[PDB]
file coords-v1.pdb (PDB, C-alpha atoms)
MODEL        1
ATOM      1  CA  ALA A   1     -38.807  89.360  19.105
ATOM      2  CA  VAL A   2     -37.835  92.087  21.649
ATOM      3  CA  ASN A   3     -40.340  91.629  24.515
ATOM      4  CA  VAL A   4     -40.870  95.041  26.196
ATOM      5  CA  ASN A   5     -43.063  92.969  28.579
ATOM      6  CA  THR A   6     -40.104  91.072  30.155
ATOM      7  CA  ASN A   7     -36.326  91.794  30.384
ATOM      8  CA  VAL A   8     -34.439  88.610  31.446
ATOM      9  CA  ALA A   9     -31.061  90.415  31.374
ATOM     10  CA  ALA A  10     -32.364  92.877  33.995
ATOM     11  CA  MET A  11     -33.344  89.998  36.326
ATOM     12  CA  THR A  12     -29.923  88.367  35.741
ATOM     13  CA  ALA A  13     -28.033  91.583  36.611
ATOM     14  CA  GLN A  14     -30.098  91.970  39.815
ATOM     15  CA  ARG A  15     -29.399  88.355  40.881
ATOM     16  CA  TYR A  16     -25.620  88.981  40.709
ATOM     17  CA  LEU A  17     -26.106  92.519  42.127
ATOM     18  CA  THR A  18     -28.002  91.165  45.168
ATOM     19  CA  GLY A  19     -25.236  88.589  45.669
ATOM     20  CA  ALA A  20     -22.577  91.327  45.521
ATOM     21  CA  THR A  21     -24.514  93.578  47.926
ATOM     22  CA  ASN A  22     -24.738  90.796  50.558
ATOM     23  CA  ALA A  23     -21.049  89.945  50.002
ATOM     24  CA  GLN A  24     -20.158  93.600  50.724
ATOM     25  CA  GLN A  25     -22.494  93.632  53.773
ATOM     26  CA  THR A  26     -20.804  90.466  55.145
ATOM     27  CA  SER A  27     -17.269  91.835  54.565
ATOM     28  CA  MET A  28     -18.240  95.209  56.128
ATOM     29  CA  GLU A  29     -19.592  93.513  59.296
ATOM     30  CA  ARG A  30     -16.448  91.358  59.663
ATOM     31  CA  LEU A  31     -14.080  94.355  59.264
ATOM     32  CA  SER A  32     -16.151  96.419  61.771
ATOM     33  CA  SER A  33     -16.419  93.641  64.414
ATOM     34  CA  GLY A  34     -12.985  92.087  63.777
ATOM     35  CA  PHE A  35     -14.504  88.580  64.070
ATOM     36  CA  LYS A  36     -14.768  86.188  61.076
ATOM     37  CA  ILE A  37     -17.474  84.189  62.947
ATOM     38  CA  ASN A  38     -19.873  87.123  63.578
ATOM     39  CA  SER A  39     -22.994  84.890  63.453
ATOM     40  CA  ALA A  40     -23.843  81.152  63.378
ATOM     41  CA  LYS A  41     -24.531  81.552  59.619
ATOM     42  CA  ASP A  42     -20.743  81.195  59.078
ATOM     43  CA  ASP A  43     -18.401  78.557  60.636
ATOM     44  CA  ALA A  44     -21.129  77.225  62.980
ATOM     45  CA  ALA A  45     -18.647  74.458  63.904
ATOM     46  CA  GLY A  46     -16.073  77.188  64.605
ATOM     47  CA  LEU A  47     -18.583  79.049  66.802
ATOM     48  CA  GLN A  48     -18.835  76.054  69.174
ATOM     49  CA  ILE A  49     -15.039  75.501  69.212
ATOM     50  CA  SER A  50     -14.371  79.256  69.587
ATOM     51  CA  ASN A  51     -16.908  79.590  72.436
ATOM     52  CA  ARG A  52     -15.278  76.661  74.298
ATOM     53  CA  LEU A  53     -11.840  78.245  73.693
ATOM     54  CA  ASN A  54     -13.114  81.713  74.727
TER      55      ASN A  54
ATOM     56  CA  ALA B   1      -2.297  88.083  59.703
ATOM     57  CA  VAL B   2      -3.507  91.627  60.577
ATOM     58  CA  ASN B   3      -6.209  90.486  63.056
ATOM     59  CA  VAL B   4      -6.651  93.320  65.619
ATOM     60  CA  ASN B   5      -9.095  91.513  67.959
ATOM     61  CA  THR B   6      -6.059  89.578  69.314
ATOM     62  CA  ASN B   7      -2.313  90.213  69.854
ATOM     63  CA  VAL B   8      -0.420  87.080  71.040
ATOM     64  CA  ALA B   9       2.886  88.966  70.606
ATOM     65  CA  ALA B  10       1.778  91.476  73.282
ATOM     66  CA  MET B  11       0.683  88.691  75.680
ATOM     67  CA  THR B  12       4.124  87.075  75.188
ATOM     68  CA  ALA B  13       6.114  90.221  76.060
ATOM     69  CA  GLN B  14       3.738  90.840  79.011
ATOM     70  CA  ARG B  15       4.463  87.324  80.369
ATOM     71  CA  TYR B  16       8.261  87.699  79.976
ATOM     72  CA  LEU B  17       7.975  91.207  81.471
ATOM     73  CA  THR B  18       6.070  89.926  84.540
ATOM     74  CA  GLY B  19       8.751  87.249  84.979
ATOM     75  CA  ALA B  20      11.605  89.784  84.895
ATOM     76  CA  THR B  21       9.757  92.264  87.171
ATOM     77  CA  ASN B  22       9.122  89.552  89.799
ATOM     78  CA  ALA B  23      12.848  88.653  89.671
ATOM     79  CA  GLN B  24      13.734  92.320  90.322
ATOM     80  CA  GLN B  25      11.489  92.325  93.431
ATOM     81  CA  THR B  26      13.192  89.142  94.701
ATOM     82  CA  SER B  27      16.722  90.502  94.102
ATOM     83  CA  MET B  28      15.805  93.861  95.714
ATOM     84  CA  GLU B  29      14.425  92.106  98.837
ATOM     85  CA  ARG B  30      17.560  89.907  98.988
ATOM     86  CA  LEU B  31      19.952  92.884  98.589
ATOM     87  CA  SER B  32      17.941  95.015 101.093
ATOM     88  CA  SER B  33      17.819  92.462 103.950
ATOM     89  CA  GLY B  34      21.101  90.780 102.937
ATOM     90  CA  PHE B  35      19.386  87.434 103.662
ATOM     91  CA  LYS B  36      19.038  85.119 100.626
ATOM     92  CA  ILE B  37      16.327  83.090 102.458
ATOM     93  CA  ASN B  38      13.831  85.917 103.190
ATOM     94  CA  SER B  39      11.075  83.238 103.154
ATOM     95  CA  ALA B  40      10.718  79.421 103.024
ATOM     96  CA  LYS B  41       9.537  79.864  99.394
ATOM     97  CA  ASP B  42      13.242  80.661  98.755
ATOM     98  CA  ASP B  43      14.566  77.361 100.253
ATOM     99  CA  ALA B  44      12.641  75.257 102.818
ATOM    100  CA  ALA B  45      15.673  73.165 103.846
ATOM    101  CA  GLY B  46      17.893  76.255 104.171
ATOM    102  CA  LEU B  47      15.326  78.071 106.329
ATOM    103  CA  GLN B  48      15.005  75.136 108.764
ATOM    104  CA  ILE B  49      18.757  74.418 108.937
ATOM    105  CA  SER B  50      19.552  78.151 109.322
ATOM    106  CA  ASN B  51      16.765  78.617 111.909
ATOM    107  CA  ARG B  52      18.260  75.716 113.918
ATOM    108  CA  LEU B  53      21.840  76.936 113.218
ATOM    109  CA  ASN B  54      20.935  80.515 114.287
TER     110      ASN B  54
ENDMDL
END
call {"tool": "encode", "arguments": {"input": "coords-v1.pdb", "output": "structure tokens"}}
result
Amino acid sequence: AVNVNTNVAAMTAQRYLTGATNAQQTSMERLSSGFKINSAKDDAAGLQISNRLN
Amino acid sequence: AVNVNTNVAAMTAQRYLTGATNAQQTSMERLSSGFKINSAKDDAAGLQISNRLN
């Protein structure tokens, strides 16, 4: 019943852990730079508008 | 709300400051020479009429 071969819970935890790590990384970059649109990955539309405004 | 990359409030005061400072310069020039029309920028009509009157 208990498969020492595979631990699904472990994989689950990691999936959420990886998500959290990237969330922290994104927040850290924003705070350090002071810009919400650091890269095109976020608010691509905003990037174009912001660039024009800038 | 606490964005540091910008400060519109500062820009505002700066603009109102520049306005007041420029007024000081104008009033100082007027008081120093005693002539309200120190330049045509002050009053084109006045300059011409005064120039002809003088």
call {"tool": "interface_residues", "arguments": {"input": "coords-v1.pdb", "of": "chain A", "to": "chain B", "cutoff": "9 Å", "atoms": "all atoms listed in the file", "output": "list in words"}}
result
residues 33, 34 and 35 of chain A
call {"tool": "atom_distance", "arguments": {"input": "coords-v1.pdb", "atom1": "atom CA of residue 46 of chain B", "atom2": "atom CA of residue 28 of chain B"}}
result
19.6 Å
call {"tool": "atom_distance", "arguments": {"input": "coords-v1.pdb", "atom1": "atom CA of residue 1 of chain B", "atom2": "atom CA of residue 24 of chain A"}}
result
20.7 Å
call {"tool": "atom_distance", "arguments": {"input": "coords-v1.pdb", "atom1": "atom CA of residue 41 of chain A", "atom2": "atom CA of residue 26 of chain A"}}
result
10.6 Å
call {"tool": "calpha_fit_and_write", "arguments": {"input": "coords-v1.pdb", "fixed": "chain B", "moving": "chain A", "output": "mmCIF file with C-alpha atoms, in the frame of the given file"}}
result
data_model
loop_
_atom_site.group_PDB
_atom_site.id
_atom_site.type_symbol
_atom_site.label_atom_id
_atom_site.label_comp_id
_atom_site.auth_asym_id
_atom_site.auth_seq_id
_atom_site.Cartn_x
_atom_site.Cartn_y
_atom_site.Cartn_z
ATOM 1 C CA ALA A 1 -4.457 87.947 58.434
ATOM 2 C CA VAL A 2 -3.503 90.685 60.973
ATOM 3 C CA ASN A 3 -6.038 90.248 63.816
ATOM 4 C CA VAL A 4 -6.575 93.671 65.474
ATOM 5 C CA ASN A 5 -8.797 91.617 67.846
ATOM 6 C CA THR A 6 -5.859 89.721 69.461
ATOM 7 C CA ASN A 7 -2.082 90.434 69.724
ATOM 8 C CA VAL A 8 -0.213 87.251 70.821
ATOM 9 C CA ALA A 9 3.170 89.047 70.773
ATOM 10 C CA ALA A 10 1.847 91.526 73.368
ATOM 11 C CA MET A 11 0.837 88.662 75.704
ATOM 12 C CA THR A 12 4.259 87.020 75.162
ATOM 13 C CA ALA A 13 6.149 90.235 76.034
ATOM 14 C CA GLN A 14 4.053 90.645 79.215
ATOM 15 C CA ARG A 15 4.732 87.034 80.307
ATOM 16 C CA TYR A 16 8.514 87.649 80.169
ATOM 17 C CA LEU A 17 8.024 91.196 81.564
ATOM 18 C CA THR A 18 6.094 89.863 84.593
ATOM 19 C CA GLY A 19 8.848 87.283 85.135
ATOM 20 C CA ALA A 20 11.516 90.013 84.999
ATOM 21 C CA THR A 21 9.561 92.282 87.372
ATOM 22 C CA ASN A 22 9.303 89.514 90.017
ATOM 23 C CA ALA A 23 12.996 88.651 89.502
ATOM 24 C CA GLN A 24 13.889 92.307 90.213
ATOM 25 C CA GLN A 25 11.523 92.362 93.239
ATOM 26 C CA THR A 26 13.191 89.199 94.644
ATOM 27 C CA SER A 27 16.735 90.556 94.092
ATOM 28 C CA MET A 28 15.757 93.940 95.627
ATOM 29 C CA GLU A 29 14.370 92.265 98.791
ATOM 30 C CA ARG A 30 17.504 90.104 99.200
ATOM 31 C CA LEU A 31 19.884 93.092 98.809
ATOM 32 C CA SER A 32 17.794 95.175 101.284
ATOM 33 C CA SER A 33 17.492 92.412 103.939
ATOM 34 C CA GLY A 34 20.928 90.846 103.345
ATOM 35 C CA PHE A 35 19.397 87.344 103.641
ATOM 36 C CA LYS A 36 19.157 84.937 100.657
ATOM 37 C CA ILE A 37 16.427 82.955 102.512
ATOM 38 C CA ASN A 38 14.030 85.898 103.104
ATOM 39 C CA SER A 39 10.904 83.673 102.959
ATOM 40 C CA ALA A 40 10.046 79.936 102.896
ATOM 41 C CA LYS A 41 9.397 80.318 99.128
ATOM 42 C CA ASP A 42 13.189 79.949 98.627
ATOM 43 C CA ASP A 43 15.509 77.313 100.222
ATOM 44 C CA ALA A 44 12.754 76.000 102.546
ATOM 45 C CA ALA A 45 15.220 73.232 103.509
ATOM 46 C CA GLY A 46 17.794 75.959 104.221
ATOM 47 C CA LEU A 47 15.267 77.838 106.383
ATOM 48 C CA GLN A 48 14.984 74.857 108.768
ATOM 49 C CA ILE A 49 18.778 74.294 108.847
ATOM 50 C CA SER A 50 19.452 78.049 109.208
ATOM 51 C CA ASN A 51 16.887 78.405 112.030
ATOM 52 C CA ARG A 52 18.491 75.482 113.924
ATOM 53 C CA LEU A 53 21.939 77.054 113.345
ATOM 54 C CA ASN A 54 20.664 80.530 114.348
#
